[PDB]
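Here is the structure we will look at, set down as structure tokens.
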Amino acid sequence: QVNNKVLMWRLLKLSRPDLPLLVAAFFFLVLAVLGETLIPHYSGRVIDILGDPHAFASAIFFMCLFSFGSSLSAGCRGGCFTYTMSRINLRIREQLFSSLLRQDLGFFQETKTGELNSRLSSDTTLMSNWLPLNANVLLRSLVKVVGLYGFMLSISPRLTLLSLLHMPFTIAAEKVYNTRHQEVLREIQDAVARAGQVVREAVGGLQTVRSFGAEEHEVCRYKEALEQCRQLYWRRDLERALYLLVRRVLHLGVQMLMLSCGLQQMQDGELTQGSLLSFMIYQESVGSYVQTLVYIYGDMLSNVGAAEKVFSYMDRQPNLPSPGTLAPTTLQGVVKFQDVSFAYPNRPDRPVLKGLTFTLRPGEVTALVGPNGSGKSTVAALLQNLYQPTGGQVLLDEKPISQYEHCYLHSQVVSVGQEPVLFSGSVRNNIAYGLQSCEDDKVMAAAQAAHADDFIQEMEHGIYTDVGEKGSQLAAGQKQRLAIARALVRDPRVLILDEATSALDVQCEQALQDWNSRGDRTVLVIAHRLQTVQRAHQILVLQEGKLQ
Amino acid sequence: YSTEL
Amino acid sequence: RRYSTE
Amino acid sequence: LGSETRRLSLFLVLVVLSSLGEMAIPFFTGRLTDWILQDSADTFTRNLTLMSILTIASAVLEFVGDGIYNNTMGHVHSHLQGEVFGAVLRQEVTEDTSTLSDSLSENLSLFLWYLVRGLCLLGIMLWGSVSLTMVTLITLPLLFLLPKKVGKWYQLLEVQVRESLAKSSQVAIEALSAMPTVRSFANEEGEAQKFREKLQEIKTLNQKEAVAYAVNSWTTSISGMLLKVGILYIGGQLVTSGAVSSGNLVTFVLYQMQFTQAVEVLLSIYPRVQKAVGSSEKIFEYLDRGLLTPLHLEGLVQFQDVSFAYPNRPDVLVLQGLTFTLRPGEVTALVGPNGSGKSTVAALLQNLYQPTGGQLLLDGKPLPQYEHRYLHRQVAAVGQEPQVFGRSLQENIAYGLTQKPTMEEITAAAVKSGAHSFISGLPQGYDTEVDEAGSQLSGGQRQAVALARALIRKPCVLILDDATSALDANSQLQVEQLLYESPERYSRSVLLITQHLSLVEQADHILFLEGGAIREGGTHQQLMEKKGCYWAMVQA
């Protein structure tokens, strides 16, 4: 199809900045091929001469020179192509990663992380072998074949006809064997995955199996899966050996037909001994290249398909709204909800909000309560310009929230997650996350605002220690107080709390809800109980998507 | 066969 | 059996 | 591996014969050379026939030997995997054995083939010409030292590059797995910068990797050319001297080339064999680390000085001198401290672990003396954590059954447990397959499925607990009503560890334990209208 041509053109254009390396590689390749083609001719002429010191010396010197030059070029070309491959891989990975960060949250809510890892780890390497490996081997292999056949036709115009007639019986066999192998491999892979799924299922439901004593049935099912896979293994192992036997028988026959015909032609008087030796060497060598050409051309299509699969991810269009530009100097902090209704694109036509309407004020600490199927999370999220409301509008200082700059908005308004997430960086990097620059004096001030210093300050070097992977070494309560300190380091104007008091101290919540970051800054707290009532200036319940 | 880069 | 880089 | 000691021996014969059959193309070739300088066709025809026959026989024997070896190795691999999984499941990794066995088998086969080939070639060369063979053996080690040294360095650089790529991959996957927070803090440029900084380190290693590759190629080519020239010179001088003819030299040259190829293959193959052999010992070490006939039970149980503990040590005992007893046809409940771990008593009722002291005989027979096959289908009940397997619903609701129940029986069991409505409402009837590990299940559906799986076997004892905790209030009320409305209180023993006092209200004799033994008990009405634990809990 034309899609393959489009992909090939895109892959050519991706390698545009590698001209100075590709030129040297394609020069050394030609030099090496031309050097390796001509050696047996000089070997045959030496043999004929032996049966005049000047000609002998000239032939020996030329053979040695060609051998050495080819040996050097065959290494220079490989080095250049390896470097080019590495450069292309490192170039494509960065583009693939930097294009994904701009996607909407629905794309990540839908796509499994395994697919992203597969694209960013395996296919970006398979598509990088197209030019340095496939298009290199195919070129030299084909050229070498053309040169060898030209020399063979020059030496004897009759003996070459037999090889020209014999070649299809090799090409067809190689094609058939490759076609069968490429599907046997994937059948084996599917069987192995299905077999592993049984062990995964047994691990998942271990308690019930031990309670009912059903091990003797899970073992039987696993044995059935193994016996299903063994047959495919045996079939592949048999096909290989059959192909090897056929290849060996065919070659011996060709050689004996070549040897007999060549001897009968020499004894007539139309050929010499060195010419027969050179022809035999050429005819022996041609077959390996003929087979490897088919192998490489068959392999190239997998790389093309992997390239298509990778490129299908970085060409997809996002669903973000139009970018904003506004950035006032002093936000008042008044937030109003007007007839807000929302439906998740992943599960559409099942609204969670039905005409929600309320108003927030700087000092009016407003608390939201009521389960509503955990719908309190949704109203918090869409106040940060993470999702767009399908109905109504949400506005900041008499302007829509979507009209403000992305970088500016998330400095005035910040929220704490319901389940805090921490990154594998240091303590200082996690507190100052997202900031261009910070000073350790502010970090101490931010940490002391959440009383987390009682744990941080016992730790060696202070704030420069490495936090465990995704906060592995921190306790549940400790992570809560670290996530809070990540907020007041930014000096927010609007603050949102997702039931932080459920794990953190209630008095700590009151201090966080009454400090300088909350004295005249709008605070919205989400509570699963009536605990927020002790300070809320405007309590608001909402159920079934409708406010109380 | 004979894949040397 | 004979070897094969694969 | 011993059980296949005969077949492998047969293989170990055939390969040898094949290794002698394929040495007829070089030898006779030299013979043909010695024929072309001394010019009948009879000897030519004889040589041709011998060469063709020997080559064909060698090919056929190699095919047969390979087939036999592969057939045996498949069975060995399957048996090993089955045993490993059985041991792992009963113990309470699998893919490691699967990914190791194929590599080990392939590398061992190649090693054996090429070792035998090399031995045969060396023997025939030594019989041919002693002096040239000695020269080749002397010059082999000196020309096979530097390429290994360069190759090790190149391999180290390659593995370093691959490890760096893997590190960057995670540096990226970790960033991409927490997108809501990154978007909330507007920190995408930071993630891009971190990824770029990670790639800037591999950019340095790639250059030296390429340089090492080029140097390795040059060294290999130079050694390959030098080796052949060194013996060609001495062979030519010997032939010119007149001690040997040209055909012997041609045969020796071909034999030397094949011998060098065999040695190089063996050197390339050996490390993988060593690594796989070393790795299999870990799997080995991980793997290596009768009852009376029951007829019927009336549901009468009792314990005297019963004790049980955790498998880690007998000092983690959660009971000490317990005296639990549930009359047949009477339903009772137990309570106690959260940290007391009384739930293990239910496990003690299921004969999962033998008592640490005393006896727990029930229905006039010892608890661990009955047959395990028939006891597990008459004393089990719904588990503490309801779940649905990946099998079909008609099979999920009857797991662990020796005989598959009929459709009418399954429907009746579901209706008695209230799961008939869930089965009817599910698409495609009972033939629908539930999601693996309860991926698409629901609390009420899971509770109904657990109740159906418990009641399908008509148990003689009930150990249902925490089933209503995961279930809804309506489902809990329905379960309680079904339990209370059973014929003559189900005419069997129930010792449910309820989580709500609503079920314990109708208890025949409630009880509460403390300090590893039952510390209080009596009628529910008496307990709730006195100084008992139930009244204190209700008032508090």
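The chains in the structure tokens are called A, B, ... from first to last as shown; in each chain the residues are counted from 1, and the ligands are counted from 1 in the order shown.
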May I have the residues within 12 Å of residue 3 of chain B as an mmCIF file with C-alpha atoms, in the first residue's frame, using only C-alpha atoms and disregarding those fewer than 3 positions away in the same chain?
```
data_model
loop_
_atom_site.group_PDB
_atom_site.id
_atom_site.type_symbol
_atom_site.label_atom_id
_atom_site.label_comp_id
_atom_site.auth_asym_id
_atom_site.auth_seq_id
_atom_site.Cartn_x
_atom_site.Cartn_y
_atom_site.Cartn_z
ATOM 1 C CA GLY A 78 30.321 -1.239 11.016
ATOM 2 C CA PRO A 132 21.576 1.004 9.763
ATOM 3 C CA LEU A 133 20.849 -2.750 9.631
ATOM 4 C CA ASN A 134 18.260 -3.794 7.034
ATOM 5 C CA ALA A 135 18.918 -1.247 4.272
ATOM 6 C CA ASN A 136 22.656 -1.858 4.740
ATOM 7 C CA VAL A 137 22.747 -5.688 4.586
ATOM 8 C CA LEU A 138 20.197 -5.765 1.709
ATOM 9 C CA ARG A 140 25.690 -4.988 0.005
ATOM 10 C CA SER A 141 24.155 -8.511 -0.266
ATOM 11 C CA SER A 288 24.533 -17.663 1.171
ATOM 12 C CA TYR A 289 23.953 -14.138 -0.135
ATOM 13 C CA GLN A 291 19.385 -16.678 1.103
ATOM 14 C CA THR A 292 20.305 -13.756 3.369
ATOM 15 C CA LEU A 293 18.723 -11.292 0.926
ATOM 16 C CA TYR A 295 15.843 -13.190 5.120
ATOM 17 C CA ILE A 296 16.539 -9.455 5.406
ATOM 18 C CA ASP A 299 12.603 -9.007 8.385
ATOM 19 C CA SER C 4 22.607 -19.977 13.501
ATOM 20 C CA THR C 5 22.722 -16.376 14.756
ATOM 21 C CA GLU C 6 18.968 -15.606 15.018
#
```
Please find the residues of chain D near chain B - the criterion being any atom within 12 Å, counting only C-alpha atoms - and write them as a short mmCIF file (atom, residue, chain, number, x, y, z; two decimals) with C-alpha atoms, in the first residue's frame.
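File written: selection.cif
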```cif
data_model
loop_
_atom_site.label_atom_id
_atom_site.label_comp_id
_atom_site.auth_asym_id
_atom_site.auth_seq_id
_atom_site.Cartn_x
_atom_site.Cartn_y
_atom_site.Cartn_z
CA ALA D 210 31.22 2.09 18.43
CA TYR D 213 33.12 -2.54 17.89
CA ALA D 214 35.41 -1.35 15.10
CA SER D 217 36.27 -6.36 14.00
#
```
**Message:** Could you work out which residues of chain C fall inside 8 Å of chain D? Count only C-alpha atoms, and format the result as JSON, numbers by chain.
**Reply:** {"C": [1, 2, 3]}
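Distances to chain B were evaluated for A:152, A:287, A:301, A:261 using only C-alpha atoms, and the minimum falls at A:287.
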Up to 12 Å from chain C, what residues of chain A turn up? Count only C-alpha atoms and give them as a PDB file with N, CA and C atoms, in the first residue's frame.
```
ATOM      1  N   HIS A 181       7.904 -20.319   9.981  1.00  0.00           N
ATOM      2  CA  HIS A 181       8.537 -20.000  11.256  1.00  0.00           C
ATOM      3  C   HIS A 181       7.924 -18.757  11.892  1.00  0.00           C
ATOM      4  N   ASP A 237      10.760 -27.572  16.325  1.00  0.00           N
ATOM      5  CA  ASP A 237      12.048 -28.257  16.319  1.00  0.00           C
ATOM      6  C   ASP A 237      12.138 -29.285  15.199  1.00  0.00           C
ATOM      7  N   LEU A 238      11.009 -29.877  14.805  1.00  0.00           N
ATOM      8  CA  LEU A 238      11.025 -30.818  13.687  1.00  0.00           C
ATOM      9  C   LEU A 238      11.166 -30.097  12.350  1.00  0.00           C
ATOM     10  N   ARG A 240      12.611 -27.319  11.659  1.00  0.00           N
ATOM     11  CA  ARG A 240      13.929 -26.825  11.412  1.00  0.00           C
ATOM     12  C   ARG A 240      14.756 -27.927  10.811  1.00  0.00           C
ATOM     13  N   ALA A 241      14.830 -29.032  11.520  1.00  0.00           N
ATOM     14  CA  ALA A 241      15.697 -30.128  11.097  1.00  0.00           C
ATOM     15  C   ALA A 241      15.358 -30.597   9.689  1.00  0.00           C
ATOM     16  N   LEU A 242      14.066 -30.644   9.350  1.00  0.00           N
ATOM     17  CA  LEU A 242      13.696 -31.029   7.990  1.00  0.00           C
ATOM     18  C   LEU A 242      14.269 -30.052   6.967  1.00  0.00           C
ATOM     19  N   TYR A 243      14.183 -28.749   7.257  1.00  0.00           N
ATOM     20  CA  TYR A 243      14.760 -27.763   6.348  1.00  0.00           C
ATOM     21  C   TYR A 243      16.265 -27.952   6.207  1.00  0.00           C
ATOM     22  N   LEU A 244      16.958 -28.202   7.321  1.00  0.00           N
ATOM     23  CA  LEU A 244      18.406 -28.392   7.247  1.00  0.00           C
ATOM     24  C   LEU A 244      18.766 -29.592   6.377  1.00  0.00           C
ATOM     25  N   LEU A 245      18.034 -30.699   6.531  1.00  0.00           N
ATOM     26  CA  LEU A 245      18.310 -31.882   5.719  1.00  0.00           C
ATOM     27  C   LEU A 245      18.111 -31.595   4.236  1.00  0.00           C
ATOM     28  N   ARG A 247      18.316 -28.725   2.697  1.00  0.00           N
ATOM     29  CA  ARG A 247      19.382 -27.843   2.231  1.00  0.00           C
ATOM     30  C   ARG A 247      20.672 -28.613   1.976  1.00  0.00           C
ATOM     31  N   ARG A 248      21.046 -29.505   2.899  1.00  0.00           N
ATOM     32  CA  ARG A 248      22.286 -30.257   2.723  1.00  0.00           C
ATOM     33  C   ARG A 248      22.235 -31.135   1.480  1.00  0.00           C
ATOM     34  N   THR A 292      20.368 -14.841   2.396  1.00  0.00           N
ATOM     35  CA  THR A 292      20.305 -13.756   3.369  1.00  0.00           C
ATOM     36  C   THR A 292      19.541 -12.555   2.826  1.00  0.00           C
ATOM     37  N   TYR A 295      16.019 -13.343   3.677  1.00  0.00           N
ATOM     38  CA  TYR A 295      15.843 -13.190   5.120  1.00  0.00           C
ATOM     39  C   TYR A 295      15.667 -11.719   5.493  1.00  0.00           C
ATOM     40  N   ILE A 296      16.567 -10.860   5.012  1.00  0.00           N
ATOM     41  CA  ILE A 296      16.539  -9.455   5.406  1.00  0.00           C
ATOM     42  C   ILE A 296      15.290  -8.760   4.873  1.00  0.00           C
ATOM     43  N   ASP A 299      12.519  -9.595   7.051  1.00  0.00           N
ATOM     44  CA  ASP A 299      12.603  -9.007   8.385  1.00  0.00           C
ATOM     45  C   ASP A 299      12.256  -7.520   8.386  1.00  0.00           C
TER      46      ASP A 299
END
```
**Request:** Would you list the contacts of residue 333 of chain A as JSON, numbers by chain, taking every protein, DNA or RNA residue within 8 Å and counting only C-alpha atoms, but skipping same-chain residues closer than 2 positions in sequence?
**Result:** {"A": [331, 335, 361, 362, 396, 397, 493, 494, 521, 522]}
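The gap separating atom CA of residue 510 of chain A from atom CA of residue 487 of chain A is 15.4 Å, in Å to one decimal.
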Can you build me a table of chain D residues sitting at most 7 Å from chain A, with the closest atom pair per residue and its distance in Å to one decimal, using only C-alpha atoms, sorted by chain and residue number, as CSV?
```
residue,atom,partner,partner_atom,distance
D:59,CA,A:245,CA,6.2
D:63,CA,A:241,CA,6.1
D:67,CA,A:238,CA,6.4
D:70,CA,A:237,CA,6.8
D:71,CA,A:234,CA,6.6
D:74,CA,A:230,CA,6.1
D:78,CA,A:226,CA,6.0
D:82,CA,A:223,CA,5.9
D:86,CA,A:219,CA,6.1
D:169,CA,A:121,CA,6.4
D:173,CA,A:117,CA,6.6
D:184,CA,A:410,CA,6.7
D:185,CA,A:434,CA,5.9
D:186,CA,A:407,CA,6.1
D:187,CA,A:434,CA,5.0
D:188,CA,A:101,CA,6.6
D:192,CA,A:98,CA,6.3
D:199,CA,A:90,CA,7.0
D:206,CA,A:86,CA,6.7
D:207,CA,A:83,CA,6.7
D:210,CA,A:79,CA,5.0
D:211,CA,A:79,CA,6.4
D:213,CA,A:79,CA,6.1
D:214,CA,A:75,CA,5.0
D:217,CA,A:75,CA,5.4
D:218,CA,A:75,CA,6.0
D:221,CA,A:71,CA,6.4
D:376,CA,A:212,CA,6.2
D:383,CA,A:208,CA,6.8
D:400,CA,A:214,CA,5.5
D:436,CA,A:201,CA,6.8
D:437,CA,A:204,CA,6.1
```
Expected file: the selected residues, N, CA, C and O atoms, as a compact mmCIF listing (two decimals), in the first residue's frame:
```
# COMPACT_ATOMS: atom_id res chain seq x y z
N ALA D 59 23.75 -37.03 6.77
CA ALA D 59 22.62 -36.13 6.91
C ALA D 59 21.42 -36.82 7.55
O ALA D 59 20.79 -36.28 8.46
N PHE D 63 19.63 -35.96 11.22
CA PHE D 63 18.21 -35.63 11.36
C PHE D 63 17.54 -36.50 12.42
O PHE D 63 16.81 -36.01 13.28
N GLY D 67 15.92 -35.27 16.05
CA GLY D 67 14.53 -35.52 16.38
C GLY D 67 14.37 -36.21 17.72
O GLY D 67 13.55 -35.80 18.56
N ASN D 70 15.24 -33.76 20.68
CA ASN D 70 14.21 -32.75 20.93
C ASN D 70 12.98 -33.37 21.57
O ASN D 70 12.39 -32.79 22.50
N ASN D 71 12.58 -34.56 21.10
CA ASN D 71 11.41 -35.21 21.68
C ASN D 71 11.61 -35.51 23.15
O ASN D 71 10.69 -35.31 23.96
N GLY D 74 11.62 -32.12 25.33
CA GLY D 74 10.31 -31.52 25.56
C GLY D 74 9.61 -32.11 26.78
O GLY D 74 9.09 -31.38 27.63
N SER D 78 8.62 -30.20 30.35
CA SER D 78 7.25 -30.13 30.84
C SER D 78 7.14 -30.73 32.24
O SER D 78 6.47 -30.15 33.12
N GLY D 82 5.96 -28.73 35.69
CA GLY D 82 4.83 -29.18 36.49
C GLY D 82 5.21 -29.41 37.94
O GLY D 82 4.50 -29.00 38.86
N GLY D 86 3.76 -27.37 41.23
CA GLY D 86 3.11 -28.08 42.32
C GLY D 86 3.76 -27.80 43.66
O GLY D 86 3.07 -27.53 44.65
N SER D 169 14.22 4.46 30.78
CA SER D 169 12.83 3.98 30.53
C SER D 169 11.98 4.19 31.79
O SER D 169 10.90 4.80 31.67
N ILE D 173 8.62 6.05 32.68
CA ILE D 173 7.37 5.39 33.05
C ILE D 173 6.86 5.91 34.39
O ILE D 173 5.66 6.14 34.57
N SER D 184 -1.34 18.98 37.55
CA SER D 184 -1.80 19.90 38.59
C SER D 184 -0.72 20.90 38.97
O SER D 184 -1.02 22.07 39.22
N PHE D 185 0.53 20.45 39.04
CA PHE D 185 1.62 21.34 39.42
C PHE D 185 2.30 22.01 38.24
O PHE D 185 3.25 22.77 38.45
N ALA D 186 1.84 21.75 37.01
CA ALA D 186 2.38 22.38 35.80
C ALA D 186 3.89 22.14 35.68
O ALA D 186 4.67 23.07 35.49
N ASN D 187 4.29 20.88 35.79
CA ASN D 187 5.69 20.49 35.83
C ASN D 187 6.02 19.50 34.73
O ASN D 187 6.71 18.50 34.96
N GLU D 188 5.53 19.74 33.51
CA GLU D 188 5.87 18.87 32.39
C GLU D 188 7.28 19.16 31.87
O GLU D 188 8.01 18.24 31.49
N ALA D 192 10.45 16.60 31.13
CA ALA D 192 11.19 16.56 29.87
C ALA D 192 12.68 16.80 30.10
O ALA D 192 13.53 16.13 29.50
N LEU D 199 19.26 10.98 28.99
CA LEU D 199 19.77 10.55 27.69
C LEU D 199 21.17 11.11 27.40
O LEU D 199 21.96 10.48 26.67
N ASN D 206 27.90 5.75 23.91
CA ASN D 206 27.70 5.18 22.58
C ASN D 206 28.95 5.31 21.71
O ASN D 206 29.25 4.42 20.90
N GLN D 207 29.69 6.41 21.85
CA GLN D 207 30.89 6.62 21.04
C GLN D 207 31.94 5.54 21.31
O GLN D 207 32.50 4.94 20.38
N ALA D 210 30.94 2.21 19.86
CA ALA D 210 31.22 2.09 18.43
C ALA D 210 32.71 1.86 18.17
O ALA D 210 33.08 1.03 17.32
N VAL D 211 33.57 2.59 18.88
CA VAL D 211 35.01 2.43 18.69
C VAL D 211 35.45 1.02 19.05
O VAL D 211 36.24 0.39 18.32
N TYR D 213 33.61 -1.66 18.95
CA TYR D 213 33.12 -2.54 17.89
C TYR D 213 34.08 -2.58 16.71
O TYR D 213 34.44 -3.65 16.21
N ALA D 214 34.50 -1.40 16.25
CA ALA D 214 35.41 -1.35 15.10
C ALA D 214 36.73 -2.05 15.41
O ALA D 214 37.24 -2.83 14.58
N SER D 217 36.34 -5.83 15.35
CA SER D 217 36.27 -6.36 14.00
C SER D 217 37.65 -6.45 13.35
O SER D 217 38.01 -7.46 12.73
N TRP D 218 38.45 -5.38 13.50
CA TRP D 218 39.79 -5.39 12.93
C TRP D 218 40.63 -6.53 13.51
O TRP D 218 41.32 -7.25 12.77
N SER D 221 39.56 -9.99 12.14
CA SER D 221 40.00 -10.22 10.77
C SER D 221 41.50 -10.50 10.69
O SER D 221 41.94 -11.41 9.97
N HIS D 376 -13.43 -31.69 53.27
CA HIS D 376 -13.43 -30.32 52.75
C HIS D 376 -14.75 -29.96 52.08
O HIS D 376 -15.05 -28.77 51.95
N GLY D 383 -15.74 -17.91 52.47
CA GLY D 383 -14.52 -17.38 53.01
C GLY D 383 -14.68 -15.97 53.56
O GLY D 383 -15.71 -15.32 53.41
N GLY D 400 -14.07 -26.51 43.20
CA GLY D 400 -13.66 -27.54 44.12
C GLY D 400 -14.62 -28.70 44.25
O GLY D 400 -14.59 -29.41 45.26
N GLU D 436 -11.43 -12.28 35.71
CA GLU D 436 -10.38 -12.91 36.51
C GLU D 436 -10.13 -12.11 37.78
O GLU D 436 -10.05 -10.88 37.75
N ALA D 437 -10.01 -12.82 38.91
CA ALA D 437 -9.71 -12.23 40.21
C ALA D 437 -10.71 -11.15 40.60
O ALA D 437 -10.37 -10.18 41.28
```
**Asked** Between D:22, D:466, D:158, D:83, which is the closest to residue 212 of chain D once you count only C-alpha atoms?
**Response** D:158
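Atom CA of residue 496 of chain A is found 22.5 Å from atom CA of residue 471 of chain A.
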**Request:** May I have all residues of segment 171-413 of chain D that DSSP, computed from the backbone, assigns to strand (DSSP E or B), given as a PyMOL selection string?
**Result:** chain D and resi 292+301-302+304-307+310+313+322+325-326+331+334-335+357-359+362+365+370+392
Requested write-out: C-alpha atoms of the selected residues, as a short mmCIF file (atom, residue, chain, number, x, y, z; two decimals), in the first residue's frame:
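The result, stored in result.cif:
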```cif
data_model
loop_
_atom_site.label_atom_id
_atom_site.label_comp_id
_atom_site.auth_asym_id
_atom_site.auth_seq_id
_atom_site.Cartn_x
_atom_site.Cartn_y
_atom_site.Cartn_z
CA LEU D 292 -9.74 -42.86 58.37
CA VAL D 301 -18.20 -30.36 67.96
CA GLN D 302 -16.27 -29.51 71.12
CA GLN D 304 -10.79 -29.08 75.40
CA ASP D 305 -7.49 -27.30 76.07
CA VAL D 306 -7.25 -26.46 72.37
CA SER D 307 -4.38 -24.26 71.19
CA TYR D 310 1.09 -19.10 63.53
CA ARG D 313 6.60 -19.96 65.66
CA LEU D 322 -10.37 -22.67 74.62
CA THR D 325 -18.72 -25.84 71.48
CA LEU D 326 -21.67 -25.56 69.08
CA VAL D 331 -26.52 -21.44 65.54
CA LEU D 334 -18.39 -15.55 68.93
CA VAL D 335 -16.84 -12.19 69.79
CA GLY D 357 -2.49 -29.19 72.13
CA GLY D 358 -5.41 -31.20 73.38
CA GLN D 359 -7.92 -32.45 70.83
CA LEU D 362 -16.10 -33.62 66.45
CA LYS D 365 -14.37 -38.84 65.56
CA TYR D 370 -11.16 -38.14 58.41
CA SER D 392 -17.27 -19.68 34.01
#
```
**Message:** Would you pick out the contacts of residue 461 of chain A at 12 Å or less, using only C-alpha atoms, so that residues sharing its chain but fewer than 4 positions from it are not included, and give the list as a PyMOL selection string?
**Reply:** chain A and resi 426-428+456-457+465-466
Export of the given selection (N, CA and C atoms) as a PDB file, in the first residue's frame:
```pdb
ATOM      1  N   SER A 426      14.786  13.786  45.965  1.00  0.00           N
ATOM      2  CA  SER A 426      15.144  14.088  47.341  1.00  0.00           C
ATOM      3  C   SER A 426      13.990  14.782  48.064  1.00  0.00           C
ATOM      4  N   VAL A 427      14.178  14.999  49.368  1.00  0.00           N
ATOM      5  CA  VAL A 427      13.167  15.697  50.159  1.00  0.00           C
ATOM      6  C   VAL A 427      12.989  17.123  49.662  1.00  0.00           C
ATOM      7  N   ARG A 428      14.097  17.819  49.397  1.00  0.00           N
ATOM      8  CA  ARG A 428      14.009  19.196  48.922  1.00  0.00           C
ATOM      9  C   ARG A 428      13.320  19.271  47.566  1.00  0.00           C
ATOM     10  N   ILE A 456      11.628  15.196  59.511  1.00  0.00           N
ATOM     11  CA  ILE A 456      12.672  15.554  58.556  1.00  0.00           C
ATOM     12  C   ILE A 456      13.981  15.878  59.267  1.00  0.00           C
ATOM     13  N   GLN A 457      13.913  16.564  60.409  1.00  0.00           N
ATOM     14  CA  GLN A 457      15.118  17.088  61.046  1.00  0.00           C
ATOM     15  C   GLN A 457      15.963  16.024  61.739  1.00  0.00           C
ATOM     16  N   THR A 465      18.311  14.381  51.556  1.00  0.00           N
ATOM     17  CA  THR A 465      18.294  12.925  51.502  1.00  0.00           C
ATOM     18  C   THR A 465      17.415  12.435  50.363  1.00  0.00           C
ATOM     19  N   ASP A 466      17.664  11.206  49.925  1.00  0.00           N
ATOM     20  CA  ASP A 466      16.851  10.610  48.873  1.00  0.00           C
ATOM     21  C   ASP A 466      15.640   9.912  49.474  1.00  0.00           C
TER      22      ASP A 466
END
```
